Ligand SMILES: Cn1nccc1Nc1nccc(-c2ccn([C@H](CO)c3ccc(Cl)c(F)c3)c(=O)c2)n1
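First, one chain by itself in structure tokens, the form solved without this ligand.
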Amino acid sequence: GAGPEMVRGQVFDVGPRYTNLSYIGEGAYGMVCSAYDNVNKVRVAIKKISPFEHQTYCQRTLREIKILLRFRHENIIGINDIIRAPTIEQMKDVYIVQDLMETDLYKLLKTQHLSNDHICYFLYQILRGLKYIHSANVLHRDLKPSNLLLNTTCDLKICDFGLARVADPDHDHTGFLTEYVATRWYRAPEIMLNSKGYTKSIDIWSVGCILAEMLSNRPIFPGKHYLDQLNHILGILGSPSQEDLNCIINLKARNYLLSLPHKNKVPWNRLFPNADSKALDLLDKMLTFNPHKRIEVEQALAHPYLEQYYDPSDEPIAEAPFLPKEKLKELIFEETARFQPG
């Protein structure tokens, strides 16, 4: 009737509820598979996770499980089930069950031209999700096409909250070239200059990047290393204004910008000659150099580009806003307890 099922030589032990395994790929670190859920009669995605040797992998797993279990939103991936051993001592892996999403925006962009209607709809859903996340005082901090899941009807769901943090603007300041975790091509200019990525404006930049990418099927700022990323940004936006430089008090950061040759803005309509003009107006506002001047999520939603979808009453906000590895394991154990046969 059952056993410890294997997939590509590794235990993928999810039964008896989940049968007929097919492999998909790799996760952050751990195997991903689809499987037939025998209770709700649908195929699902199951991600195997093995974090307990390392406090960082515990921190990200716990952080993401805590977040995804607290969140309930149509445009954020839910956790349907969590499979693990009944005791801390026997728990070496955890399996997270999610709705099966056929594709993601990375894969889609590599293979499919998007109509303006698709771009508009996808951007609406990204921002609708992001409204909820930000309303919970959470920063996602790693928005990118591969973290935007899509099913067969183009329902879009934000995933991968492993690098998320509670917002903390009063402690956002840092020095020049401070090391950063999140994906390079979607990093706001200030990450390289004077920001730890603790304000909401960090996510809007990433959304701006994703919009630009949907318009042309190519990343807009494909930097090859930490500081090339900034010079990609400045080659399009042009040199920051005196006013925007006066906001950067750090001398290494400011003097770096002052050392560069003057660059003029590349107009959006020459970079994207087939783009809708309202899309380019909103792109410009999301890809603003100065984070204090950058559009906020709610303002983005209310922009004329999204007028066909905008409905604030149907764009919900969160009811409930918000260490050694041994204690993180116990907290992962406690956090996943609600899915245990009971």
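In this text, rigid core is short for the largest set of C-alphas that superpose within 1.5 Å between two forms. Numbers for residues come from their place in the sequence shown, where the first is 1.
For 6-14 versus 327-335, the mean Cα distance to the shown form in 7 other deposited structures of this protein after rigid core alignment is larger for 6-14. The higher RMS C-alpha distance to the shown form in 7 other deposited structures of this protein, out of 252-260 and 226-234, belongs to 252-260, with every structure fitted on the core. Comparing 127-135 with 252-260, the higher mean C-alpha B-factor in the PDB entry belongs to 252-260. Stretches compared: 279-287, 36-44. Higher mean C-alpha B-factor in the entry: 36-44. The PDB entry assigns the greatest CA B-factor among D117, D203, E89, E74 to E89. Across the options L68, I49, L301, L62, the residue with the most elevated CA B-factor in the record is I49.
The deposited CA B-factor of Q308 belongs to the middle third of values across its chain.
In the PDB entry, a CA B factor belonging to the middle third of its chain's modelled residues is recorded for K293.
For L143, the recorded CA temperature factor ranks within the lowest third of the chain's modelled residues. Annotation for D155: C-alpha temperature factor in the lowest third relative to the rest of the modelled chain, per the entry. In the PDB entry, a CA B factor belonging to the highest third of its chain's modelled residues is recorded for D228.
The next section is about a form of this same protein that is not shown, the form deposited with this ligand bound.
In this form the binding site is blocked, since this ligand, overlaid from its pose in the bound PDB entry, puts three or more atoms within 2.4 angstroms of backbone or C-beta atoms. For a residue to qualify, one of its non-hydrogen atoms must sit within 4.5 Å of this ligand in the bound PDB entry; all three of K47, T103 and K107 qualify. This chain is displayed alone, yet in the bound PDB entry one of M192, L257, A136, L149 has a heavy atom within 4.5 Å of this ligand; that residue is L149. Stretch 152-160 is the answer when you ask which of 219-227, 152-160, 197-205, 83-91 has residues with heavy atoms within 4.5 Å of this ligand in the bound PDB entry. Under a 4.5 angstroms non-hydrogen atom cutoff, this ligand in the bound PDB entry lacks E315 among its neighbouring residues. Although the partner is absent here, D37 is not a contact residue: none of its heavy atoms lies within 4.5 angstroms of this ligand in the bound PDB entry. Using a 4.5 Å cutoff between non-hydrogen atoms, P304 does not count as a contact of this ligand in the bound PDB entry.
Though the partner is left out of this view, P324 does not reach within 4.5 Å of this ligand in the bound PDB entry, counting heavy atoms only.
If you take 18-34 and check each residue for a heavy atom within 4.5 Å of this ligand in the bound PDB entry, you get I24, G25, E26, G27, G30, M31, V32, in sequence order.
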